[PDB]
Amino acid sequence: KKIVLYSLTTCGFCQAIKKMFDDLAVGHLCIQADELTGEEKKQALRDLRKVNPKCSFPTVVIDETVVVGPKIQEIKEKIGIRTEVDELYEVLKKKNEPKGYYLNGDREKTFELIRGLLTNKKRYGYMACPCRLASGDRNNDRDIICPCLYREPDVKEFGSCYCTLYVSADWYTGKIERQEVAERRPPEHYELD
């Protein structure tokens, strides 16, 4: 697959697409159009205009298909990128949505939280809460294995769990204030002394 990424050093999403490519050892050509001369900029825009008439950044060309804008799932779909986070995202969505627990709509935040669940599943053997420190002992951590014991009262009182991974329909659609959620876990559960 021949990939070209039209990018700008000042464009945050352009750098995130580039980062994903580098991390997954994807073979691509990145054009940081703003680092070019006045005439090279004109030529980069003419090349871009042929595949994206709006001359907008980011734009990804994969062989003969073009993905315009911050459409990370569509870019992944044309390149053939499938990770265990994508798999777990689908599983969690199917299981939780009928229960009224929606995954946070900020996809980039939810994806890093799911990556945290996976990192915890590998090192501990269970999906310990990604925004808490686990002990590594399953029995001590039983109340913070996701979904934790605190999700139900936290979502009922504030509209979201402690990591903001699961949110209610009201939190999702802004019908309630998106309040900060305090740590409900009894501090004694660490068994420090």
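Heads up: residue numbers just count along the shown sequence, starting at 1.
A.B. asks: According to the deposited model, is the average Cα temperature factor higher in 77-85 or in 105-113?
C.D. replies: Between 77-85 and 105-113, it is 77-85.
A.B. asks: Going by the B-factors listed in the PDB entry, is the mean over the C-alpha atoms higher for 39-47 or for 145-153?
C.D. replies: It is 39-47.
A.B. asks: Reading the B-factor column of the entry, which of 169, 176, 181, 17 has the highest value at its C-alpha atom?
C.D. replies: Top of the list by C-alpha B-factor: 17.
A.B. asks: Maximum C-alpha temperature factor per the entry, among 62, 55, 127, 163, belongs to which one?
C.D. replies: Checking the PDB record, the top C-alpha B-factor among 62, 55, 127, 163 is at 62.
A.B. asks: Looking at the temperature factor on the CA atom of residue 159, which third of the chain's modelled residues does it land in?
C.D. replies: It belongs to the lowest third of the chain when residues are ordered by C-alpha B-factor.
A.B. asks: When the deposited Cα B-factors of this chain's modelled residues are ordered and cut into thirds, is residue 132 in the lowest, the middle or the highest one?
C.D. replies: Answer is lowest: the recorded C-alpha B-factor places it there.
A.B. asks: Comparing residue 91 with the other modelled residues of its chain, is its CA B-factor in the lowest, middle or highest third?
C.D. replies: For residue 91, the deposited C-alpha B-factor lands in the middle third.
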